[PDB]
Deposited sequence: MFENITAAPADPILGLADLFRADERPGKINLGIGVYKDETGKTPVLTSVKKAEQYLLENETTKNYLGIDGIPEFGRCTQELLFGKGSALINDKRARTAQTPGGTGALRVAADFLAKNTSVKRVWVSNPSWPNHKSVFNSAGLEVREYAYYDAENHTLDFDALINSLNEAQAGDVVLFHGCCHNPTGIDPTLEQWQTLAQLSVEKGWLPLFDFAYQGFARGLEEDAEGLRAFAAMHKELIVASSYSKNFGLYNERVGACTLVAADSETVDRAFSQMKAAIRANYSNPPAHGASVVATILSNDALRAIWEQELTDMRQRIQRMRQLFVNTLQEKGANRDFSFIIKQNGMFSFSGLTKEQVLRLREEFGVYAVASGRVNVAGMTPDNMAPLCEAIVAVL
């Protein structure tokens, strides 16, 4: 059966995918440790969660996404399933859409996270790309984006990164999100928000502005969110798939099929990480400690963005890198070519992805001068 299977395709780490602190560690957040000790002391069973996971986790997720007092929440228009990470939320969404709707195609930005194509194709959905990145101004090529998406038909899904676009760190402005929201309603797209970095651009509420501008205009949308980065809970697989429909009767009926797609995949979701999140978000004291830890991560990344720009200038780059200051989250394109990236790895032991994307959170005050010296050497 297996004998002819084809194999699947495939000093400083800026090619890393997680946050690192100033010491180069990815420690467990203190709010998380305190929550884990509470769970150790208080859990009395590991009995299965429901298919959609812990109710409090869903409520706290919808409040983070839509805002407390949102009409979507008051009108009971949203249902949330706790999932194994943001990736599990995207796959549950894809399997739900493939089996229960006429969707055939999902539009993803060029560039995006490479796993988007794999997830949607796994569910039998085609992936099409829309333009996104203006590499001369290192900005959002909004006109190209809109022009690309005019090829999208009514009933196609359009995927939007909610904030901290991966890999570019370039997000729509609020006004651009409002223009996209209007266009999406006019063209009949189903928005799918991928929200893996809430809190890493400007703040929890600010980072949800774009999603909330869409939610104000749409009857229907799906959000695949992740707590991997903003709780430092990567390996516990903590995410959510939130389905929104015009009204409670419709969302409840549609969500029953989302639960069927979960049941046929992994049955019900892993409790530990989500219970940590629910414990933190629903407790005033733990939530305050966590919100500050997230602010500390967001601010450290901003300090590294500024220190990277300043240091490249001090090391004689003689090139404008100011675009780095304005970009959001852990990732940016450095503007280096694939061969410069290869040179950086081979000659200097500095590791980035071939696109030139770097994880700014991999930078520290200690490793900045050698990193920048290496980059200047390959310009």
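Check: Could you give the ranges of the deposited sequence that carry no C-alpha coordinates?
Finding: Missing C-alpha atoms (numbering from 1) occur across the range 11 to 27 alone.
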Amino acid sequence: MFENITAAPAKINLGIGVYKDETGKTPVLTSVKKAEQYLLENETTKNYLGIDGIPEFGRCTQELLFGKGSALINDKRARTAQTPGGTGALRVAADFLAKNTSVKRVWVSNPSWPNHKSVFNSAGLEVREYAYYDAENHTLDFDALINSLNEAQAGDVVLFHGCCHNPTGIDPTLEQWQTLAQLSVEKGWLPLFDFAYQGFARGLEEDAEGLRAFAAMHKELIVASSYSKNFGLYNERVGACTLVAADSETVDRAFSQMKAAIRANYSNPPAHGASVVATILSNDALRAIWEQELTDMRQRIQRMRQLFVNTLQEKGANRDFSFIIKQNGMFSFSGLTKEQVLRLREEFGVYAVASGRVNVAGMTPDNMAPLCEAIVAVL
From here on, numbers count along this sequence of modelled residues.
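So that the term is clear: the rigid core is the largest set of C-alpha atoms that superpose within 1.5 Å between two forms.
Next item on the list: Could you tell me which of the two stretches, 57 to 65 or 344 to 352, has its Cα atoms lying farther from the shown structure in 4 other deposited structures of this protein after fitting on the rigid core?
Entry: The answer is 344 to 352, which departs more from the shown form in 4 other deposited structures of this protein.
Checklist line | Residue range whose averaged C-alpha B-factor is higher in the record, 341 to 349 or 54 to 62 | finding: That would be 341 to 349.
Notebook entry, point to check: Out of 154 to 162 and 233 to 241, which stretch has the higher average CA B-factor listed in the record?
Noted result: On average, C-alpha B-factors are higher across 154 to 162.
Notebook entry, point to check: Taking the Cα B-factors listed in the entry, which of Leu286, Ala261, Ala254, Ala135 comes out highest?
Noted result: In this record, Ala135 carries the highest C-alpha B-factor of the candidates.
Margin query: Using only the C-alpha B-factors in the record, can you name which of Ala35, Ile325, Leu49, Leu29 has the highest?
Written below: Spelled out: the listed residue with the top C-alpha B-factor is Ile325.
Note to self: Using the temperature factors of the C-alpha atoms in this entry, rank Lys187 within its chain: lowest, middle or highest third.
What the structure shows: Answer is highest: the recorded C-alpha B-factor places it there.
Margin query: Lowest, middle or highest third: which one holds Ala98 when the chain's residues are ordered by CA B-factor from the entry?
Written below: CA B-factor rank for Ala98: middle third.
Check: Looking at the C-alpha B-factor of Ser122, is it in the lowest, middle or highest third of its chain?
Finding: Within its chain, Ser122 is a middle-third residue by C-alpha B-factor, going by the deposited values.
Notebook entry, point to check: Against its chain's modelled residues, does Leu294's Cα B factor rank lowest, middle or highest third?
Noted result: Lowest third, going by the recorded CA B-factors of the chain.
Check: Lowest, middle or highest third: where is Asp171 by C-alpha B factor in its chain?
Finding: For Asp171, whose C-alpha B-factor we compare with every modelled residue in the chain, the answer is the middle third.
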